[PDB]
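Q: Those letters in the sequence shown? Residues 1B to 1G, 2 to 137, per PDB author numbering, in order.
From the three backbone atoms N, C-alpha and C, an ideal C-beta is built for every residue, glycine too.
The following block contains the structure, expressed as structure tokens.
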Amino acid sequence: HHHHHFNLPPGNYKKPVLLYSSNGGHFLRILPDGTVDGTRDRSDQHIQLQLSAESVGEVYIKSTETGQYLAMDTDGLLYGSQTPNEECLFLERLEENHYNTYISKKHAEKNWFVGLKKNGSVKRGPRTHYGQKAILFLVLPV
């Protein structure tokens, strides 16, 4: 059984994009050491990302600069993974008829999202939920 709805955004795959946070304007960043955060510096080399669809509505989110996969670990922390594993799949969904959200597939029952705070730090999975501004993204082509 699905734990979530199936409203999908138009897909934007195999082309470099930025994940823009509607909660403060940071872009999602995967640094070379595997840590994840946000920055408003549009020229940063580590905010360029590429999404690919695994199944309909399931994506990987990959750093174009470093090849790392975004992933969420067992305690809810985002990290950069050298190889694709079960922690790297996200359910890409439309939200409020406009934004994109990314739910951890591994933890989908628990409603753990990719989230960016106004101060540029990312949220731990269990501190996210439907209704939060931190979970809302726009995918901007580069």
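Give the straight-line distance between the Cα atoms of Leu-89 and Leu-131, rounded to the nearest whole angstrom.
A: Rounded to whole angstroms, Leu-89 to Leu-131 spans 9 Å at the Cα level.
Q: Is it buried or exposed, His-1B, if we count other Cβ atoms within 10 angstroms and call 16 or more buried?
A: So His-1B counts as exposed.
Q: Near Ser-17, what residues of its chain come up, given a Cβ to Cβ distance below 8 Å and the 5 sequence neighbours on each side ignored?
A: Counting only Cβ-Cβ distances below 8 Å, and skipping sequence neighbours, we find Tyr-94, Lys-128, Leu-131, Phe-132, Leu-133.
Q: Exposed or buried, what is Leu-111 when buried is set at 16 or more other beta-carbons lying within 10 Å of its beta-carbon?
A: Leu-111 is buried by the Cβ-count criterion.
Q: Can you tell me which of the three DSSP states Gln-127 falls into?
A: The answer is coil: DSSP assigns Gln-127 none of H, G, I, E or B.
Q: Report back the beta-carbon spacing between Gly-120 and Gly-71 to the nearest angstrom; my notes put them in contact at under 8 Å.
A: Confirmed, about 3 Å.
Q: Looking only at its chain, what residues have a beta carbon closer than 6 Å to the beta carbon of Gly-29, apart from the 5 residues adjacent to it on each side?
A: Only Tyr-74, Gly-75 meet the Cβ criterion.
Q: For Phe-108, list the residues DSSP reports as bridge partners.
A: Note: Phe-108 sits in a beta bridge opposite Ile-98.
Q: Where does the unbroken beta strand (DSSP E) through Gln-45 begin, and where does it stop?
A: Looking at the DSSP string, the run of the beta strand (DSSP E) that includes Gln-45 is 44-48.
Q: For the beta strand (DSSP E) containing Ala-66, name the first residue and the last one.
A: Run containing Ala-66: 64-67, per the beta strand (DSSP E) assignment.
Q: Given a threshold of 16 other Cβ atoms within 10 Å of its Cβ, counted over all protein chains shown, does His-1F qualify as buried or as exposed?
A: Exposed is the call here.
Q: If you drop the 5 nearest sequence neighbours on each side, which residues of the same chain put their C-beta closer than 6 Å to that of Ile-42?
A: The answer, listed in chain order, is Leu-13, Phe-22, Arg-24.
Q: With distance defined between alpha-carbon atoms, name the residue in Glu-87, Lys-105, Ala-66 nearest to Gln-77.
A: Checking every option, the nearest Cα to that of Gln-77 belongs to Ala-66.
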